[PDB]
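Architecture at a glance
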Amino acid sequence: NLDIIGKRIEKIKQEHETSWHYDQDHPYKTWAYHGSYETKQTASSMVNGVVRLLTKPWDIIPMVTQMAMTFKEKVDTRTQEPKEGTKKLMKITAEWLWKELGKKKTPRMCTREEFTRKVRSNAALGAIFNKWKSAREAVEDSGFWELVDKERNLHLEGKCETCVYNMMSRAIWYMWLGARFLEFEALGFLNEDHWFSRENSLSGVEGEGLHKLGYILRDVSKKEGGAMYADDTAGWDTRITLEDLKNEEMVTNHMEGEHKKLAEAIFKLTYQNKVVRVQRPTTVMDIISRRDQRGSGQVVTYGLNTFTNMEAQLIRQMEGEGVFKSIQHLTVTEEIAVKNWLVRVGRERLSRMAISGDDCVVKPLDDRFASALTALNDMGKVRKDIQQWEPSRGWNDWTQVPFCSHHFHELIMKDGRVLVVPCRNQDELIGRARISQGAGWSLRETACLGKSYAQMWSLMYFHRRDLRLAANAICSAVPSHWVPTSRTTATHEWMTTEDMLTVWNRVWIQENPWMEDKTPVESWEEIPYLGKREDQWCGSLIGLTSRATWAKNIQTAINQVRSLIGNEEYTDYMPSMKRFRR
Ligand SMILES: [Zn+2]
Ligand SMILES: [Zn+2]
């Protein structure tokens, strides 16, 4: 308690000693509340004008246009501690899982040099701006690294001063850039060294890319077993128990020297005890604390979510196979049985899953899994939009399963070769490309973001008639040599000035392990579309009058955007499609 958090709290109180007070009408029940001080301040969504001018039919589609307008009453909730039988299953499974992930990997510290390179190439690290302006600036100063050096030696002493969360179905907890360095130094290896790649973790998909997820779901479908289950959890981050945080900390058992101590300190001082500043309009700054729930950097959060999800789903599979009978207490021979299951079939049962953070697909041995709910509910991983004791509804067709906000189609090329392609409702794809994050964007920067969306559509969504046409239009409207950009950077093969047909061939043919015949595709016309009815089912405007006018008059929209940007070198990509090829 206050021995671990006091120092952080005391230090803040003293920077606002002119403002402190224990407000008696604080809303917190489940958070520990400490005090309050004086502040005043808030980045809403802006429209990308290049993308919107080239998608005019969508100006009248509420699903597109509403996306651009506009539970912190779930962050204030508590989870009960699991039963003793549940706690035993989780500790045995976690122990075994860290050993498996470790067999072919070596834990290691990430470097100033690696972190400095991350900020300089614009990753979304989720830090606060104060003493320096940007993230770039503070990285190029030595005073910073003294603050870092100071906090670091405090961590080795088992103490914390400056590692505080700032709060803001999402809630991003920004930390100061220094606190993010020390997290990245201790636990960056999980992401940097691909601990959750498919090859290493068997259930994981870290770094696989959207062009491989469909093929991975089809490979899971090839296994003998029951339906495919894809239950979402209601607010996963809010349901992470202190027992979860302690089984995650067992990765430190594979570490040594300084690393082991630095990683134990992140787990002990920042994760298993947390200090958070919240704004309350009633504008005060509330200093609250608690022990449980997820608050890490977004990237370490991904890896630990994947780990704990993999653990939860193996246990649900154990329950369906009848490996154990009660969660109240594990007998001694029930333990031996669980350990024996893990050693005997654990790796085969991991290969039956696809897991991305809080998101999962499981093809269990059979449909007993559907009603195996006691361990899952008792671990606090309660399923979204279904009654707590109602059996899961599984999918019988891999092409209908949802995963990472997508579904996957089987698409046969004119030469008989088989693509497995990602897809989602086209309104969602167009509404997102029409949004820019943050203010102060030049026309040039707005255009380069449009071009990033266009190249992603050509690579991932080429099979949607409206997106191949809009992607060609945007790339015709933006100067040919201008480089695609993004402010919060899966694998991103569309982020290049290389020719998109050359990239398409590399991604879908050359480097695609499910394609035996490596014959290159010579033109965009060899590359197929979904059937027209399927394209409509997934939101195409093909067949509407608005869409026909747009398509027919596309050169006029392209010319409007070229005139705004000015006298630059442009390419006409529209003749890459049959209907504009004269
Ligand atoms: Zn600290
Ligand atoms: Zn679709």
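Header annotation of the entry names X-ray crystallography as the structure determination method and lists the resolution as 1.84 Å.

On to the overall build of the chain. Broken down by element type, the chain carries 24 helices and 12 strands. For a compact globule of 582 residues, the expected C-alpha radius of gyration is about 25 Å, and the chain comes in at 26 Å, within 12% of that figure. Projecting the C-alpha coordinates of the chain onto the three principal axes gives extents of approximately 75 × 60 × 45 Å.

The next point concerns the coordination of the zinc ion (ligand 2). Protein coordination of the zinc ion (ligand 2) is provided by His-407 (NE2), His-409 (NE2), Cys-423 (SG) and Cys-538 (SG), with donor distances spanning 2.1 to 2.3 Å. Of note is the zinc ion (ligand 2), whose 4 donor atoms meet at the metal with angles of 100 to 119° in an arrangement that counts as tetrahedral. With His-407 in strand 10 (residues 407-412) and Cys-423 in strand 11 (residues 418-423), the pair connects residues that are 16 residues apart, well separated along the chain. Across this residue pair, the class does not change: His-407 and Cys-423 are buried.

The subject of this paragraph is a nonpolar patch on the surface. A cluster of nonpolar residues, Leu-53, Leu-443 and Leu-564, forms a patch on the protein surface that exposes about 260 Å² of accessible area. Tracing the sequence through the fold places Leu-443 in helix 19 (residues 443-460). Given the relative accessible area of 41%, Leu-443 is considered partly exposed.

The next thing to look at is the packing of aromatic side chains. This structure, assessed with the given rule, holds 20 aromatic pairs. Taking 6.0 Å as the distance between ring centres and 15° as the angle between the ring planes, the aromatic pair formed by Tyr-28 and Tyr-33 counts as stacked. Taking relative accessible area as the criterion, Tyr-28 reaches 13% and is therefore assigned buried. For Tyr-33, a relative accessible area of 7% puts it in the buried group. Connected via pairs of aromatic rings, a cluster forms that spans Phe-115, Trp-132, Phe-144, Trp-145, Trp-176, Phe-181 and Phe-184. A cation over a ring is seen here: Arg-290 above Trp-31, with NZ or CZ 5.1 Å from the ring centre. Between the NZ or CZ atom of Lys-381 and the centre of the ring of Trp-236, over which it lies, the distance is 5.4 Å.

What counts as what
Residues numbered from 1 in each chain as written, not as in the entry; some residues may be left out. Chains lettered and ligands numbered in written order. Heavy atoms only, no water. Residues with missing side-chain atoms left out of burial classes, pairs and counts. Helix = DSSP H or I, 4+ residues; strand = E, 2+ residues; numbered from the N terminus. Rg over C-alpha atoms; globule rule 2.2 N^0.38 Å. Donors = N, O, S within 2.8 Å, 3.2 Å for Na, K, Ca; no water. Tetrahedral: all angles 85-135°; square planar, octahedral: opposite > 155°, others 65-115°. Buried < 20%, exposed > 50% of the residue type's maximum accessible area, 1.4 Å probe, protein only. Patch = residues over 30% accessible without salt bridge, like charges linked within 9 Å, V, L, I, M, F, W, Y side chains within 5 Å. Areas by Shrake-Rupley, 256 points an atom, 1.4 Å probe, with all protein chains shown as cover. Salt bridge = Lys/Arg side-chain N within 4 Å of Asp/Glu carboxyl O. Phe/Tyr/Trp six-rings, centres within 6.5 Å; stacked < 30°, edge-to-face > 60°. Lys NZ or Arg CZ within 6 Å of the ring centre and 35° of its normal.

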